[PDB]
Amino acid sequence: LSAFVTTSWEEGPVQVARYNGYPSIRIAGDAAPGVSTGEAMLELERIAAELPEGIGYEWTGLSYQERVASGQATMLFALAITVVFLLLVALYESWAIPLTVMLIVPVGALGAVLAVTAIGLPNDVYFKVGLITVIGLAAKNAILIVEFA
Amino acid sequence: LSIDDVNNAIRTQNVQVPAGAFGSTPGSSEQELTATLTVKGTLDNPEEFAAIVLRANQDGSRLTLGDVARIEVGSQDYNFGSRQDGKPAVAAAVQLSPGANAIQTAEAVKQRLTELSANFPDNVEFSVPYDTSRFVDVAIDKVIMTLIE
Amino acid sequence: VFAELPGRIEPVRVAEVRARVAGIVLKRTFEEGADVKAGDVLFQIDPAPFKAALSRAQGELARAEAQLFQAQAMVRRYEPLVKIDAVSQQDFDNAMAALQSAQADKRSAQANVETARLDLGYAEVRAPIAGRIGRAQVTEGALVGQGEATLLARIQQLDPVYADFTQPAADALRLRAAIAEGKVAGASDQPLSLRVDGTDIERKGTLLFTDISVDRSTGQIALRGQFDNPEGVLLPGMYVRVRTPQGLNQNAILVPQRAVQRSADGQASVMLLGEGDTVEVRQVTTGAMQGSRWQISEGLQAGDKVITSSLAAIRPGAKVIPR
Amino acid sequence: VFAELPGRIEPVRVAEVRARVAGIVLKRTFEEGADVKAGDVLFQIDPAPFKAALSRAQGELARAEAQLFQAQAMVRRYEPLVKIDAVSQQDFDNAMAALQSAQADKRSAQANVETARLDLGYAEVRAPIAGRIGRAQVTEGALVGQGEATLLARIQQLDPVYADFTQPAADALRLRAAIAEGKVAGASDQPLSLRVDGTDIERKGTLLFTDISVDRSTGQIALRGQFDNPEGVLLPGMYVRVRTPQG
């Protein structure tokens, strides 16, 4: 082979990564302790806005699901509030009594937020559903008074 | 020369080579630079294809593909052709997948094509000479107008 | 630098014992495989015609000798008579001319007899060289010598032996260029080392000949070395590997392989511990590879402090603690 | 415009030292790979028959010389006698004719002797040209010259060398047409540049010959240039690429 083959050292990729049919570079990381992911991705969008035109970014997996959930939480809350209000007016044959009792929601939210901030846990799905359960049970407590009233 | 000769020459000379890497497993306890061999097997441009050797003698004279054939980059097939308003053009028909929105899908296709319109060469322009969705749009609009009156 | 080249064992002298005269092989005088001396009779071919030719030549020689005897007697008788003028001077000169002609004819007849004797002796086939004789290519009673010179046997000399090995032409040109540059000193005096495949048998030898012509089919140059073989272990034709020196580096710098970095352009570089424990980038050229160490042809000098660890975690000009 | 054509290095003179006569190689008088001069003895073939033939020719020459001496003596004796009528003019003319015949016979015998001597000298295998001798194709004790001219050795002249390279005939015709039309000027005076593949060794040369015939199997013409090789770097048979000016 030495009669017709020469060897020259170059550099090349030992692994090639493609995403959605375009050549891609996969970047992974973890947030610092005490730092939430959401502010991190916001800063990352700010950084990517400074990249040269034509260089793109996309979220995948956990980040994708987190983006969707952070999107959906607010309409969840709105739908819950409207449905409880409508069943509140249905039961009491009045609107004023429903407004009266729905005034109890912020105090339960107050307690949940103060506790989670005092112990320092993040706004996880666990705290989220615990807040929802507190919300329902505060509603029950308010009903137990307002019905006899 | 026969035609099967040129066929076999093209087949044997325009082939990728999976060479490998030296220092590969099982690797000796001594050597420490496994590295790729990366042989060039395929040809990229018409000039290289014209350099395909059909017959070569010991003295140095070579018969090449370019001596007997015209090499170029053309269409794989010539059964079909597309014209628009008397001018040659390229076109493609999109056929909907079952159970999908139309106005949202048509708007998405138009918006994606418009976003790619930022990247078409300047001499080329896109168009949508055929679009069923518009009819549907007009149709529903007419219906809603009836629904009002 | 040593190159392991492929070669084959050859005998120094090969004698193809072939029949020169047509005839029937009557007897075989040698036993196959024995050592034979020069002049030993190996085959006997029946002389039917050569004996007759020798007899005819001998008869002609006898006739010439008879005429010479007659001329000698005539001259001996005429010599005293011419002094007393008993015969004319012309007759004496004629007798002397006849005597000289007879001597010349006898010499010519002797030459013819010698030629016929050599032709006949080409029937007692003898070993031209000493050595070990192989199998006989013909058996007793077979016809040989008709048309072509039939091969009868082969004789080979087994000590010393040659190793004919081969080297790619490009490698030879590179070696010559490096020697010319002063990069590598000539290793003509270093003995070639010969190894038989599958065995631990090693022999030492000397390079004799390097061909100036490149084989057109293989693009390689042939080389011939000579190896002593007193025990007869090295047999002709055996495929052998020859370690031949590719010259001597006097200032060979060998660095651990994990200390050489390569850039995107393929240029090789090394991290050096500069003054003040600063890390500097010095470009180098890598030569050959010995084990796990790169040979460096340029870019390094004796006493240089190269970094052989943590290379991926160090930037140029950064401060490090040398261990 | 320069065209890089493939070619090979070929030595100016190649002498295939072959055996002209049949016999056993008794000795080899040269070391393989050394430089030999013209006329140097390389192989000694056993001169068994040719020595005898030379002896026979010498004997015939001696007989012719003896007859010539007899004729000369006869003519010398007869010359003064014819001046005094002591012998007939016819006898003197016969003696002179015999003397001339003897001289012719001596010349013929000398020619035979020289033929035999050259035949014998065709057994001391001498180098026809000076140059480097290669490996001996036969060893001592081998029978050579039987039937065919057995190749004994090869001698090559390494300075200068020729580069035999090849160019497509269509390209040559296009260049010639462009010259005839006047678009390009003939580059006959520009030197060829030979490069050895894989090395930086570059050599200048001159175009010697362009072939008129086209190779049937490939359709390309052969060209020969000459390159100086003082250092012996260019070895025969090496694949080289010759850059030739195209006008």
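Residues numbered from 1 in each chain as written, not as in the entry; some residues may be left out. Chains lettered and ligands numbered in written order. Part of a larger assembly, values for the part shown. Heavy atoms only, no water.

- As recorded in the PDB header, cryo-EM is the method behind this entry, and the stated resolution is 2.97 Å.

- Per the PDB entry, chain D is named RND efflux system, MexC-like protein, and its organism is Klebsiella pneumoniae.
- What the PDB record gives as the title of this entry is "Cryo-EM structure of TMexCD1-TOprJ1".
- As its UniProt record puts it under Subcellular location (unreviewed entry), chain D is described as follows: "Cell inner membrane". (UniProt positions renumbered as here; feature names shortened; annotations may be inferred.)

- Chain B carries the name Efflux pump membrane transporter in the PDB entry, which gives Klebsiella pneumoniae as its organism.

Side note on the overall build of chain D
Then, in step 1: Within chain D, the regular secondary structure consists of three helices and 14 strands.
Then, in step 2: Against the globule reference of 18 Å for 247 residues, chain D gives a C-alpha radius of gyration of 31 Å, more extended than a compact globule.
Then, in step 3: Overall, chain D is about 95 × 50 × 35 Å in size when its C-alpha atoms are taken along their principal axes.
Then, in step 4: Looking at chain D as a whole, 40% of its 247 residues are labelled buried.
Then, in step 5: In chain D, the share of contacts with a sequence separation of at least 24, taken over all contacts with a separation of at least 6, comes to 77%.
Then, in step 6: Of the roughly 13,100 Å² that chain D leaves accessible, carbon and sulfur atoms contribute 50%. (Helix = DSSP H or I, 4+ residues; strand = E, 2+ residues; numbered from the N terminus. Rg over C-alpha atoms; globule rule 2.2 N^0.38 Å. Buried < 20%, exposed > 50% of the residue type's maximum accessible area, 1.4 Å probe, protein only. Contact = heavy atoms within 4.5 Å. Areas by Shrake-Rupley, 256 points an atom, 1.4 Å probe, with all protein chains shown as cover.)

As for unusual backbone geometry
Then, in step 1: Residue B:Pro26 follows B:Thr25 across a cis peptide bond; omega there is -5°.
Then, in step 2: Turning to its location among the elements, B:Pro26 is positioned in the loop between β1 (21-22) and β2 (35-36).
Then, in step 3: The amide bond that connects C:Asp159 to the next residue, C:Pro160, takes the cis arrangement and shows omega of -5°.
Then, in step 4: Tracing the sequence through the fold places C:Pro160 in the loop between β9 (151-156) and β10 (161-168).
Then, in step 5: Despite not being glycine, A:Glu93 shows a phi value in the positive range, around 55°.
Then, in step 6: Positionally, A:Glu93 belongs in the loop between α2 (62-92) and α3 (96-102).
Then, in step 7: The phi torsion at C:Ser310 lies on the positive side, around 60°, for a residue other than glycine.
Then, in step 8: Mapped onto the elements, C:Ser310 comes out in the segment after β19 (293-298).

A short note on the nonpolar core
Then, in step 1: Residues C:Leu194, C:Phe227, D:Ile9, D:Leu194, D:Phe227, D:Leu234 and D:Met238 are the most contacted members of the largest nonpolar core, which totals 39 residues.
Then, in step 2: By size, the runner-up hydrophobic cluster in this structure holds 31 residues, among which are D:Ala15, D:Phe30, D:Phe50 and D:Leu54. (Core = buried A, V, L, I, M, F, W, Y, C linked by side-chain atoms within 4.5 Å.)

Section: the arrangement of the chains
Then, in step 1: Contacts are most numerous between chains C and D, considering all five pairs of chains that are in contact.
Then, in step 2: Separated in space, chain A and chain D share no contact, their closest pair of C-alpha atoms being 8 Å apart.

Comments concerning the interface of chain D and chain C
Reports of interface size often rely on the accessible area that becomes lost once the parts have come together.
Then, in step 1: Each partner contributes residues to the interface: chain D has 33 residues there, and chain C has 35 residues.
Then, in step 2: Of the roughly 3,400 Å² buried between chain D and chain C, counting both surfaces, carbon and sulfur atoms make up 57%.
Then, in step 3: Of all residues in chain D, D:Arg77, D:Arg135 and D:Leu235 give up the largest surface area on contact with chain C, accounting jointly for 18% of the area buried on that side.
Then, in step 4: Inspection of the chain D/chain C interface yields five salt bridges.
Then, in step 5: Between C:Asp105 and D:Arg63 there is a salt bridge, and its shortest N-O distance comes to 3.2 Å.
Then, in step 6: Counting across the chain D and chain C interface gives nine residue pairs in polar contact.
Then, in step 7: Here the element with the most residues in the side of chain D that touches chain C is helix α1 (residues 48-83) of chain D; it accounts for 13 residues.
Then, in step 8: In the side of chain D that touches chain C, the residues fall into 16 nonpolar, ten polar and seven charged. (Buried area = accessible area lost by both parts, 1.4 Å probe. Salt bridge = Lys/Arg side-chain N within 4 Å of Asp/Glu carboxyl O. Polar contact = N/O pair within 3.5 Å; in protein donor to acceptor, adjacent residues only side chain to side chain. Nonpolar A, V, L, I, M, F, W, Y, C, P; charged D, E, K, R; others polar.)

Quick notes on the sheet that holds strand β1 (residues 2-11) of chain C
All names here are of chain C.
Then, in step 1: Around the barrel, which closes on itself, the six strands sit in the order β1-β10-β13-β12-β11-β14 with antiparallel pairing between neighbours. For this sheet, the mean angle separating the axes of adjacent strands, direction not counted, is 40°.
Then, in step 2: With five bridges connecting them, β1 and β10 associate as antiparallel partners. The residue bridging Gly7 from the neighbouring strand is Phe165, located in β10. (Pairing = 2+ DSSP bridges. Axes fitted to C-alpha atoms, helices over the stretch in contact; angles between N-to-C directions.)

Brief notes about a nonpolar patch on the surface
Residue and element names in this part refer to chain A.
Then, in step 1: Taken together, the side chains of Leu76, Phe77, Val125, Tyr126, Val129 and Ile132 present a nonpolar region at the surface, about 600 Å² in accessible area.
Then, in step 2: Elements supplying a minimum of two residues to the nonpolar patch: α2 and α5 (125-148).
Then, in step 3: Sorting elements by how many residues they give to the nonpolar patch places α5 first, with four residues.
Then, in step 4: Within the fold, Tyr126 resides in helix α5. (Patch = residues over 30% accessible without salt bridge, like charges linked within 9 Å, V, L, I, M, F, W, Y side chains within 5 Å.)

Examining the environment of A:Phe85
Residues and elements named next belong to chain A.
Then, in step 1: Relative to the helices and strands, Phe85 resides in helix α2.
Then, in step 2: In this structure the C-alpha to C-alpha distance between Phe85 and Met41, which are 44 residues apart in sequence, comes to 36 Å.
Then, in step 3: Sequence-distant contacts of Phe85, defined by excluding residues within four places in its chain, comprise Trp95, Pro98, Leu99 and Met102.

Here we look at the packing of aromatic side chains
Then, in step 1: What the rule picks out here adds up to six aromatic pairs over all chains.
Then, in step 2: Here C:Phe30 and C:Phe43 contribute two aromatic rings whose centre-to-centre distance is 5.2 Å and whose plane-to-plane angle is 75°, an arrangement assigned as edge-to-face. Taken as a pair, C:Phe30 in the loop between β3 (23-28) and β4 (35-36) and C:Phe43 in strand β5 (residues 41-45) lie far apart in primary sequence, 13 residues in all. Considered together, C:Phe30 and C:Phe43 belong to a single accessibility category, that of buried residues.
Then, in step 3: For C:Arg28, the ring lying beneath its charged end belongs to C:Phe30, and the centroid distance is 5.7 Å.
Then, in step 4: For the cation-ring pair, D:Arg243 lies above D:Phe2, with the distance from its terminal atom to the ring centre recorded as 5.7 Å. (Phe/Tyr/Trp six-rings, centres within 6.5 Å; stacked < 30°, edge-to-face > 60°. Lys NZ or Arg CZ within 6 Å of the ring centre and 35° of its normal.)

Here we look at the side chain of C:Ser193
Then, in step 1: Here C:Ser193 shows up in strand β11 (residues 192-196).
Then, in step 2: Not counting chain neighbours up to four residues away, the residues in contact with C:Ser193 comprise C:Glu202, C:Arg203, C:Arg241, C:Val242 and C:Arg243.

Topic: the side chain of B:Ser133
All names here are of chain B.
Then, in step 1: Tracing the backbone through its elements, the reader meets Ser133 in helix α5 (residues 133-148).
Then, in step 2: Under the relative-accessibility criterion, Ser133 is labelled buried at 9%.
Then, in step 3: Not counting residues up to four positions away in its chain, the partners in contact with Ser133 are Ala106 and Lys110.

A closer look at the UniProt feature "coiled-coil region" (unreviewed entry) in chain D
Then, in step 1: Per the UniProt entry, the sites bearing "coiled-coil region" (unreviewed entry) are residues 54-119 of chain D in this numbering.
Then, in step 2: Counted over residues 54-119 of chain D, helix gives 92% and strand 0%. Its end C-alpha atoms are 9 Å apart.

Considerations on the sheet that holds strand β4 (residues 35-36) of chain D
All names here are of chain D.
Then, in step 1: Across the sheet, four strands lie side by side as β2-β9-β7-β4; this open sheet has antiparallel pairing. The open sheet has two free edges, formed respectively by β2 (14-18) and β4, since each of these has just one partner strand.
Then, in step 2: Across five bridges, the pairing between β2 and strand β9 (residues 151-156) is antiparallel. Bridge assignment links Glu16 to a residue of β9, and that residue is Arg154.

Quick notes on the pairing of strand β13 (residues 220-227) of chain D
All names here are of chain D.
Then, in step 1: Here eight bridges tie strand β10 (residues 161-168) to β13, and the two strands are oriented antiparallel to one another. Following the sheet pairing, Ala163 is matched in β13 by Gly225.
Then, in step 2: Note that strand β12 (residues 202-210) and β13 share five bridges and pair antiparallel. Within β13, the residue paired with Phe209 across the bridge is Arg224.

Some points on the pairing of strand β5 (residues 41-45) of chain D
All names here are of chain D.
Then, in step 1: In this sheet, β5 lies alongside strand β3 (residues 23-28) in antiparallel orientation, the contact comprising three bridges. The residue of β5 that forms the bridge with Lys27 is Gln44.
Then, in step 2: Examined bridge by bridge, β5 and strand β6 (residues 124-126) share three bridges and lie antiparallel to one another. Paired with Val41 across the two strands is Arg126, which belongs to β6.

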